[PDB]
Amino acid sequence: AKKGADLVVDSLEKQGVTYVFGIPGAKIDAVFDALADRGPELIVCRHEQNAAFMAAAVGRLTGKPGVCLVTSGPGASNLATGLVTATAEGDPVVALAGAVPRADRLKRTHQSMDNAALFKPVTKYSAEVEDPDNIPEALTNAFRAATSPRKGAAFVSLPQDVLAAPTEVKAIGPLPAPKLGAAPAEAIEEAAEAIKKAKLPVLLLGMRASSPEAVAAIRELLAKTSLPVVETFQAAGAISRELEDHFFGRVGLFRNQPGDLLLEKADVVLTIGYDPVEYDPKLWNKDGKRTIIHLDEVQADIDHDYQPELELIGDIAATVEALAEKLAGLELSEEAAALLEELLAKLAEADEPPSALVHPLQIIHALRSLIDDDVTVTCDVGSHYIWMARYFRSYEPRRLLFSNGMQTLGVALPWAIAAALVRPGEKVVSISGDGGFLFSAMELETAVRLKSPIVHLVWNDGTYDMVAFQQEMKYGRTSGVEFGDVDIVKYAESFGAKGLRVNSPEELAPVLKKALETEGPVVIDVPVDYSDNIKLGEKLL
Amino acid sequence: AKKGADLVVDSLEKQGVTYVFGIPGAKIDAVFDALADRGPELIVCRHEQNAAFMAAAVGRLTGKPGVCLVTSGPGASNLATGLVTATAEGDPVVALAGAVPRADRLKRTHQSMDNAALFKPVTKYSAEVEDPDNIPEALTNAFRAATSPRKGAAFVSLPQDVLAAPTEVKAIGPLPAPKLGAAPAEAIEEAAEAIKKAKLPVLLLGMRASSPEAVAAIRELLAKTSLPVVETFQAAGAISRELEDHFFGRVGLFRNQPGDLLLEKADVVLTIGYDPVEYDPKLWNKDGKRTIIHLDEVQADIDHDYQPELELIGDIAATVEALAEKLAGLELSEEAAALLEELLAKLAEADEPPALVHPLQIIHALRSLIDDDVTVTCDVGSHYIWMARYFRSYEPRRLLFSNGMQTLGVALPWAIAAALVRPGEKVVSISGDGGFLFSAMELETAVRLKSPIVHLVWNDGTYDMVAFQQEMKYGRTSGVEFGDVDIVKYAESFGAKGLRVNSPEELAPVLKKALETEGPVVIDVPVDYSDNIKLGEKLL
Amino acid sequence: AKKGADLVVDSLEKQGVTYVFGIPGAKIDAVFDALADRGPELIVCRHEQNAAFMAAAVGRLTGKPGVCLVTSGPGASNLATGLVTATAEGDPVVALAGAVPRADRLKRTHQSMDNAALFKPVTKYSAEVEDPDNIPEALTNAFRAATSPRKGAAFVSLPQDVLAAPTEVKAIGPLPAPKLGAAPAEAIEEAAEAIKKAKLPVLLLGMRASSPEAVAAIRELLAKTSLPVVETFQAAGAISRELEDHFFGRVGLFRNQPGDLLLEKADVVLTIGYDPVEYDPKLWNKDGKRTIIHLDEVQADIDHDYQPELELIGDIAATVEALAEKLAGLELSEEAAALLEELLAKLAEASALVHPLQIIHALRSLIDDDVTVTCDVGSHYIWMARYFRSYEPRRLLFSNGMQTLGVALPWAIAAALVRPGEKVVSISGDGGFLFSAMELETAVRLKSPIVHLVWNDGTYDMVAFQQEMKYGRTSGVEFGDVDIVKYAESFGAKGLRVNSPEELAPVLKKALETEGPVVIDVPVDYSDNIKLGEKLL
Ligand SMILES: Cc1ncc(C[n+]2csc(CCOP(=O)(O)OP(=O)(O)O)c2C)c(N)n1
Ligand SMILES: Cc1ncc(C[n+]2csc(CCOP(=O)(O)OP(=O)(O)O)c2C)c(N)n1
Ligand SMILES: Cc1ncc(C[n+]2csc(CCOP(=O)(O)OP(=O)(O)O)c2C)c(N)n1
Ligand SMILES: [Mg+2]
Ligand SMILES: [Mg+2]
Ligand SMILES: [Mg+2]
């Protein structure tokens, strides 16, 4: 006989799952025993939060779900943040959690909890299997749900006794969630005329635009047009070095960017793969003096300040390259040419440098200058994520990963561990702050164990700056943002990672190159100069 | 100056809502006051249940959401079944419910209840607005959610104080929910080859295949091919009288039909707009010796016994007429020609009738007396098995079933709505003795609207579907017998005309007079239910 | 061999469930087959809604859960309103519903639904059992949850295959949910002192005061004191004809009653079994600085205008009799005596159509204290709540927690089952009557000794006269006519009509003498209903 836990592993190996991020427990150790002989490799993590973070990173970089595996109760509830972040940022994840047996469901036993009810608000798919026979079906649809447009987390609760119960059904095959056609040809033609008749057409790329397939088709469009482009944070990597002329910056949390002015002067905006989570439409479209065209894999959500005049629902890559044929050779007006060149001048101006503290822009330029396009960069949340988002340039798809949907602390380091597994042989850079670093720093042990070729930069200010300089704006006074010091170099070494410090701005470029040449995980303490951070919230008008 | 309630009506005005089925209350009477001055016509209903039944009928027939409007607490909770039936059967509805004010939400006060949490398991979209400014956005997205593929119910809870609070925001224009392209051209080409290589290809049409646009593209294809089609109860209407040769019956609750045998012998099945709610794949694909091709607006759910080898997701109409081009002139094998002819004989044979009137002679009498411009609505029960498998409907959405939830009572409210969507047409409703009373209150609404309805009550004195299934499993019924209600008296309490068929010889006359009768009519039909156990027989 | 469904009936037998109001279906017919050979009697209903109303009535009248039994999907969802009403009005109910099998949970198949999630907002207990062995435990606790203080509805979803799966576990024996002690004796003494110092103390009885055990202890206290009392609608029946001197009306939906004044002039209010669902505290404790003492079986919920200075949590009957010993023989202030007498005087001051008061006085004069009277919701429920006096516990049942339409007639069928040999009177309006009128067939089937009065006005007056107050215009309240006599006779019940005010008393007496169900059409005069919401305070 073969039990339900066997049939979980079989399902996972039908999906081609190469790794599983887990922490074992009594209610789930059946599956961990099955994995001992066969199936995906098991990355033992040091907190379930980071196992979900790693699963989301796999989703972001491959487009197929990453997999975490945890036990009942506390193990399951430690996924909560990990899966909201996945779901909100379009990262496919399949979370597998144990549960008490079916007879103990309604009982007060150790670690009993309504797993499925908890994860309903934070997943595309939350379910508990109550028959071992249905495990193959539940998991296949969970994977398909996580991969289907508007990607996200699929949670499946597995009772201890169903995992141990015998079953004779086979695992379901690899059944790929399929792709769509392009938007209707009449709609694509309608959007084309609008763009041609426009005086300042602008492209707004969003979180779904930055997939390899979408980026290839978008670059194809930009090669054939004069079309200006602005990016949401997670759209990074769409334009290339070749097409950098089309790039007018990343529109962010405050409407104070050259990209925001460009969106205002537009009379026609083609949003591609645009999710409002990254940029509230009330920020850039308040007056409603623009035709919006919504190109996306799923219809739009209507805001007061987001009323698509047209929607091109279908495969972004298919619709855009159908639209490229219709827009090929479109040139811009001379008054648009003047406007765009002037904005590039402002864009290059803010990307210039200004104590033994290293200013954030010196970090960005030094690091960009030291890594090729074949290095993935992950980034935590904080003021450092504002600086990176608006000034660090990534020219190949999905080489600069941000948490801009839920903005959760700690993602950087686990994402980097996952990034190195997805992309072996490649260095990976992870950027965090002093506060968020401790949200996930436990996985430095997992990094050292995998010898992850990681270089983590901890920007040290001593405070939770993003929340602070916002508090200063609203109240003239921070509150609850200060914390004591931890020696980042000594911290790295307790884990057997290499720890370095940048005690001068003169010292930054040398420390980076030694760390990049260093084999195995490395953590660099960067005392950072946050004098200018309040300016990130300043207003243009 | 404008309050939140005004901005609800303005939103309804923007979606082109013609009617709103409502029952007022303290917490929602702001909106009922705004409807008094302008906006959709308000059909006062006699139970919130039937307002949601009608809302779903509007969605079934127009493809745009029907709207019900109810108050807090009891008004809201009486929508529950109406919204699960709408969601499970792809009927767009937007249910609007009042709630206690924001300051009273966490308090134990009259009619307080977590509206949004209650409807989460039973809707596409369950939300409570907590700012009057957000009303136009919440309702637009609720409407777009109901009409997004896999259509269903969108519930919006409306706190009293929000409806009364002022606001200056404008209503949001009609932002139509958009349609997809055809499935990728390489996938359509791949499906076409499989069908040409297939010894016996069969189409399985489902609940999404019976839309006007889908049906138009399906008929075009069948005009250009020799393709056999089997339908799920709610796929009714897809095949016209011209293409009736292609039709091999409706596959149902039991695997005992010629259409089931045809699905078995197929080596390639192209499912169009197929939702398994109507027919478990365990029931017709148990051996898994078929190429399944899933054509639909949304990807499939994987069963053990449903693993499509190809999926063509996209606008069904676009994908089908793309595929019609590739398959034009496809011919059957001569061994397929023989097989299908033999099955049509088995199909014609079962569709043959023997003081009670047999279910078949009802169907033949009724079909013979109503044109294709007459909508027919059916309740759930043994009558719904007879109607689903033996009443033929040849124009899209002229035979409405509850085959997703199998909810009792739907028939009569569905007819009241159907007559409002299609004025100047007769509407026939079919129910049994038990299900009629679930919804019989709305006969007052029908008389009020003078709905041109002709409601047939298949009278047996029991809940036969539950019984003959109980007899199959346990050799004994339990809790299926109930006392008799004079259907003719019942109709006349409400001011409707009541007729009874005392003899089979009297059926055709009684039908014709009822159809010529202006205003609602209820017909008591004493039926012969000796043969109903045979609907569940194992014949294969 | 024993299956899970057998073990569902065995559990019910252990709870002493006499009747089960149900509608069978494919997913639950296992239990309907088990119920065919033994155990609880099955009342076939004509809508699950009503099955839940009848179950709630059994809970209201016995204090032990009533039981309804339905199938998956539509059968389950037709309980929603029934169970939130029960839960809001403290009526113990155990709802049992079929569900698709455990392998088809996550499948898009007929009548599949998240039963447990749906009923979480509406019950004190919503669960699906996924192991037949766990059936006796899940039910026992469900029954105990429904009977537990702050009683309400417990929902149990039963997968079809679990019902069919073998099991050898036994059922669990009647597990009586237990009783509490009286509140701490220090707290009772503390409250007692506050009352003796008070110049005008007032009791506010609520929905948990009207249980038999509470009422007996309350009457004992009132016999030994000069305490004035005011009731919530569902507190009806607390005060006997002997102690009517203590009763100062039922505080209602508007703050315009003599009872609302005594509440204002009170310097101390001892609330007993008080649930704010019946009367929002902002209506009476709004303006003043009266000491609130919360006596109840569960702690209070803090309102801005309800901040008790003391709480006596525990068995209400034990607490009030302990407090009766501390307050025996306490007599009123002369300033309180004058006040009370004046407001008894304000109290007793209260066309072919019949005026609502004439109905109330005719009916009250015709029926004993051994006649249950149920009432629907509508303007008639205002007239009955304020002016129909009920002198024995739980003989006047109102839906004053959810205010759901249709409860009256099903409540009466259930009431006749729990109290056989007694006539039952049910009162409804033209609108609410059609919400539940189907069950007239069930009534005829059981020959329930019911007399149903339809106050026939032509509209939904409560909303109408409230709409008039707020907007000066009704909207959506008017509906066509139904012949209530012809309707009754469709079902084989007798139908009667009062064509004259002079004909009312005769037809009631003929209806009361008539055996089996009766529906009386009453054309009612609703001119004065606007005044129910008038200011007089
Ligand atoms: C899990 C989580 N906790 C808290 C926050 C709120 N938050 C956002 S940025 C921030 C400050 C982070 O400080 P640090 O990581 O040191 O970066 P800095 O802003 O100092 O550069 C906080 C507390 C969040 N978004 N997610
Ligand atoms: C709301 C609801 N309640 C109960 C059921 C279960 N059920 C399915 S068929 C049926 C019998 C219907 O009786 P009737 O309308 O007289 O039809 P018949 O089977 O006698 O033709 C019942 C109770 C259901 N499907 N929906
Ligand atoms: C199930 C339900 N539906 C609607 C309401 C709102 N409501 C409360 S009273 C009422 C009027 C009922 O009219 P009727 O029953 O005829 O009594 P009347 O006020 O006319 O005496 C309405 C619509 C409710 N509380 N519960
Ligand atoms: Mg910091
Ligand atoms: Mg019947
Ligand atoms: Mg009325």
# chains A, B, ... in the order shown; residues from 1 in each chain; ligands from 1
$ closest_atom_pairs --of "chain A" --to "chain C" --cutoff "12 Å" --atoms "only C-alpha atoms" --output "JSON lines"
{"residue": "A:100", "atom": "CA", "partner": "C:130", "partner_atom": "CA", "distance": 11.6}
{"residue": "A:101", "atom": "CA", "partner": "C:131", "partner_atom": "CA", "distance": 8.9}
{"residue": "A:102", "atom": "CA", "partner": "C:130", "partner_atom": "CA", "distance": 5.4}
{"residue": "A:103", "atom": "CA", "partner": "C:131", "partner_atom": "CA", "distance": 5.1}
{"residue": "A:104", "atom": "CA", "partner": "C:134", "partner_atom": "CA", "distance": 7.7}
{"residue": "A:105", "atom": "CA", "partner": "C:129", "partner_atom": "CA", "distance": 7.6}
{"residue": "A:106", "atom": "CA", "partner": "C:138", "partner_atom": "CA", "distance": 7.0}
{"residue": "A:107", "atom": "CA", "partner": "C:138", "partner_atom": "CA", "distance": 8.7}
{"residue": "A:114", "atom": "CA", "partner": "C:127", "partner_atom": "CA", "distance": 10.2}
{"residue": "A:116", "atom": "CA", "partner": "C:117", "partner_atom": "CA", "distance": 9.8}
{"residue": "A:117", "atom": "CA", "partner": "C:117", "partner_atom": "CA", "distance": 7.5}
{"residue": "A:118", "atom": "CA", "partner": "C:117", "partner_atom": "CA", "distance": 11.0}
{"residue": "A:120", "atom": "CA", "partner": "C:117", "partner_atom": "CA", "distance": 10.3}
{"residue": "A:125", "atom": "CA", "partner": "C:106", "partner_atom": "CA", "distance": 10.3}
{"residue": "A:126", "atom": "CA", "partner": "C:106", "partner_atom": "CA", "distance": 9.9}
{"residue": "A:127", "atom": "CA", "partner": "C:106", "partner_atom": "CA", "distance": 7.4}
{"residue": "A:128", "atom": "CA", "partner": "C:106", "partner_atom": "CA", "distance": 8.5}
{"residue": "A:129", "atom": "CA", "partner": "C:102", "partner_atom": "CA", "distance": 7.6}
{"residue": "A:130", "atom": "CA", "partner": "C:102", "partner_atom": "CA", "distance": 5.3}
{"residue": "A:131", "atom": "CA", "partner": "C:103", "partner_atom": "CA", "distance": 5.2}
{"residue": "A:132", "atom": "CA", "partner": "C:103", "partner_atom": "CA", "distance": 7.9}
{"residue": "A:133", "atom": "CA", "partner": "C:103", "partner_atom": "CA", "distance": 6.7}
{"residue": "A:134", "atom": "CA", "partner": "C:103", "partner_atom": "CA", "distance": 5.4}
{"residue": "A:135", "atom": "CA", "partner": "C:103", "partner_atom": "CA", "distance": 8.8}
{"residue": "A:136", "atom": "CA", "partner": "C:103", "partner_atom": "CA", "distance": 10.8}
{"residue": "A:137", "atom": "CA", "partner": "C:106", "partner_atom": "CA", "distance": 8.7}
{"residue": "A:138", "atom": "CA", "partner": "C:106", "partner_atom": "CA", "distance": 7.1}
{"residue": "A:139", "atom": "CA", "partner": "C:106", "partner_atom": "CA", "distance": 10.7}
{"residue": "A:140", "atom": "CA", "partner": "C:106", "partner_atom": "CA", "distance": 11.8}
{"residue": "A:141", "atom": "CA", "partner": "C:106", "partner_atom": "CA", "distance": 9.6}
{"residue": "A:142", "atom": "CA", "partner": "C:106", "partner_atom": "CA", "distance": 10.5}
{"residue": "A:156", "atom": "CA", "partner": "C:106", "partner_atom": "CA", "distance": 10.9}
{"residue": "A:159", "atom": "CA", "partner": "C:130", "partner_atom": "CA", "distance": 10.3}
{"residue": "A:161", "atom": "CA", "partner": "C:131", "partner_atom": "CA", "distance": 10.3}
{"residue": "A:162", "atom": "CA", "partner": "C:130", "partner_atom": "CA", "distance": 10.7}
$ write_last_selection --atoms "N, CA and C atoms" --output "CSV table (one decimal), in the first residue's frame"
chain,number,residue,atom,x,y,z
A,100,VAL,N,-4.2,18.5,12.6
A,100,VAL,CA,-4.5,17.4,13.5
A,100,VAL,C,-5.4,16.4,12.7
A,101,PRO,N,-5.5,15.2,13.2
A,101,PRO,CA,-6.3,14.2,12.4
A,101,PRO,C,-7.8,14.6,12.4
A,102,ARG,N,-8.5,13.9,11.5
A,102,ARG,CA,-9.9,14.3,11.3
A,102,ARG,C,-10.8,14.1,12.5
A,103,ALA,N,-10.5,13.1,13.3
A,103,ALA,CA,-11.3,12.9,14.5
A,103,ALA,C,-11.0,13.9,15.6
A,104,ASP,N,-9.9,14.5,15.5
A,104,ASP,CA,-9.5,15.6,16.5
A,104,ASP,C,-9.8,17.0,16.0
A,105,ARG,N,-10.4,17.1,14.8
A,105,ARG,CA,-10.6,18.5,14.2
A,105,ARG,C,-11.2,19.4,15.2
A,106,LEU,N,-12.4,19.0,15.8
A,106,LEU,CA,-13.2,19.8,16.6
A,106,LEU,C,-12.7,19.7,18.1
A,107,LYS,N,-11.6,19.1,18.4
A,107,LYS,CA,-11.1,18.9,19.7
A,107,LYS,C,-10.1,19.9,20.1
A,114,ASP,N,-8.3,25.9,12.6
A,114,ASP,CA,-8.9,25.9,11.3
A,114,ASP,C,-7.9,26.5,10.3
A,116,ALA,N,-7.7,26.2,7.1
A,116,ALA,CA,-8.3,26.7,5.9
A,116,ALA,C,-8.9,28.0,6.1
A,117,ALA,N,-9.7,28.2,7.2
A,117,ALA,CA,-10.3,29.4,7.5
A,117,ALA,C,-9.3,30.6,7.6
A,118,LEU,N,-8.2,30.3,8.2
A,118,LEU,CA,-7.2,31.3,8.5
A,118,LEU,C,-6.6,31.9,7.2
A,120,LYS,N,-7.9,31.8,4.1
A,120,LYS,CA,-8.9,32.3,3.1
A,120,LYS,C,-8.6,33.8,2.7
A,125,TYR,N,-6.5,30.3,-2.8
A,125,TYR,CA,-6.9,29.0,-2.7
A,125,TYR,C,-6.5,28.5,-1.4
A,126,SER,N,-7.5,28.2,-0.5
A,126,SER,CA,-7.3,27.7,0.9
A,126,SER,C,-8.2,26.5,1.1
A,127,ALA,N,-7.7,25.4,1.4
A,127,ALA,CA,-8.5,24.2,1.5
A,127,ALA,C,-7.8,23.2,2.4
A,128,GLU,N,-8.6,22.3,3.0
A,128,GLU,CA,-8.2,21.1,3.7
A,128,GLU,C,-8.7,19.9,3.1
A,129,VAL,N,-7.8,19.0,2.7
A,129,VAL,CA,-8.2,17.7,2.1
A,129,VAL,C,-8.7,16.8,3.3
A,130,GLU,N,-9.8,16.1,3.1
A,130,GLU,CA,-10.4,15.2,4.0
A,130,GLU,C,-10.5,13.8,3.5
A,131,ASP,N,-9.8,13.5,2.4
A,131,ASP,CA,-9.8,12.1,1.9
A,131,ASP,C,-8.4,12.0,1.2
A,132,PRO,N,-7.6,11.0,1.5
A,132,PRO,CA,-6.3,10.9,0.8
A,132,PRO,C,-6.5,10.7,-0.7
A,133,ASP,N,-7.6,10.2,-1.2
A,133,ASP,CA,-7.8,10.1,-2.6
A,133,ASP,C,-7.8,11.4,-3.4
A,134,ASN,N,-8.2,12.5,-2.8
A,134,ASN,CA,-8.3,13.8,-3.4
A,134,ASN,C,-7.0,14.6,-3.3
A,135,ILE,N,-6.0,14.1,-2.6
A,135,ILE,CA,-4.7,14.8,-2.6
A,135,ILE,C,-4.2,15.1,-4.0
A,136,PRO,N,-4.2,14.2,-4.9
A,136,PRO,CA,-3.6,14.6,-6.3
A,136,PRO,C,-4.4,15.7,-6.9
A,137,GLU,N,-5.7,15.7,-6.8
A,137,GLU,CA,-6.6,16.7,-7.4
A,137,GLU,C,-6.4,18.0,-6.7
A,138,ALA,N,-6.4,18.0,-5.3
A,138,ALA,CA,-6.3,19.2,-4.6
A,138,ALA,C,-5.0,20.0,-4.9
A,139,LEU,N,-3.9,19.2,-5.0
A,139,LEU,CA,-2.6,19.9,-5.2
A,139,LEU,C,-2.5,20.4,-6.7
A,140,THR,N,-2.9,19.6,-7.6
A,140,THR,CA,-2.8,20.0,-9.0
A,140,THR,C,-3.6,21.3,-9.2
A,141,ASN,N,-4.8,21.4,-8.7
A,141,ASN,CA,-5.6,22.7,-8.8
A,141,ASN,C,-5.0,23.8,-7.9
A,142,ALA,N,-4.3,23.4,-6.8
A,142,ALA,CA,-3.6,24.4,-6.0
A,142,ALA,C,-2.5,25.1,-6.8
A,156,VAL,N,-2.9,24.5,1.3
A,156,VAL,CA,-3.6,23.2,1.4
A,156,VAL,C,-3.2,22.6,2.8
A,159,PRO,N,-4.5,16.8,6.9
A,159,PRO,CA,-4.6,16.1,8.2
A,159,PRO,C,-3.6,15.0,8.4
A,161,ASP,N,-3.9,12.1,9.8
A,161,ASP,CA,-4.4,10.7,9.4
A,161,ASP,C,-4.6,10.5,8.0
A,162,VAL,N,-4.9,11.6,7.2
A,162,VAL,CA,-5.0,11.4,5.7
A,162,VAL,C,-3.6,11.1,5.1
$ residues_around --residues "residue 40 in chain B" --least-positions-apart "3" --cutoff "8 Å" --atoms "only C-alpha atoms" --output "compact mmCIF listing (two decimals) with C-alpha atoms, in the first residue's frame"
# COMPACT_ATOMS: atom_id res chain seq x y z
CA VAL B 9 -29.33 54.67 -7.46
CA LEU B 12 -27.73 51.49 -10.82
CA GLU B 13 -28.80 54.03 -13.43
CA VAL B 17 -30.66 48.47 -14.53
CA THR B 18 -34.32 48.39 -15.54
CA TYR B 19 -35.69 46.73 -12.40
CA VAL B 20 -34.76 46.06 -8.78
CA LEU B 35 -35.79 55.09 -6.00
$ atom_distance --atom1 "CA of residue 274 in chain B" --atom2 "CA of residue 207 in chain B"
6.2 Å
$ residues_near_ligand --ligand "ligand 1" --cutoff "8 Å" --atoms "only C-alpha atoms and all ligand atoms" --output "PyMOL selection string"
chain A and resi 81+380-385+406-410+432-437+439+459-468+481
$ residues_around --residues "residue 359 in chain A" --least-positions-apart "3" --cutoff "7 Å" --atoms "only C-alpha atoms" --output "PDB file with C-alpha atoms, in the first residue's frame"
ATOM      1  CA  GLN A 362      27.256  56.255  -3.636  1.00  0.00           C
ATOM      2  CA  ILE A 363      26.233  52.716  -2.690  1.00  0.00           C
ATOM      3  CA  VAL A 528      24.627  55.087   5.615  1.00  0.00           C
ATOM      4  CA  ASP A 529      24.053  58.888   5.467  1.00  0.00           C
TER       5      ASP A 529
END
$ residues_around --residues "range 378-393 of chain C" --least-positions-apart "6" --cutoff "8 Å" --atoms "only C-alpha atoms" --output "ChimeraX atom specification"
/C:210-212,215,233,236-241,249-252,350,356-357,360-361,364,369-370,405,427-429,432,455,460-462,529,532
$ residues_around --residues "residue 275 in chain A" --least-positions-apart "6" --cutoff "12 Å" --atoms "only C-alpha atoms" --output "number ranges by chain"
A: 88-90, 150-151, 204-209, 231-235, 281, 294-303, 306, 404-405
$ interface_residues --of "chain B" --to "chain A" --cutoff "10 Å" --atoms "only C-alpha atoms" --output "PyMOL selection string"
chain B and resi 120-121+133-134+136-142+144-145+148+169-187+297-315+318-319
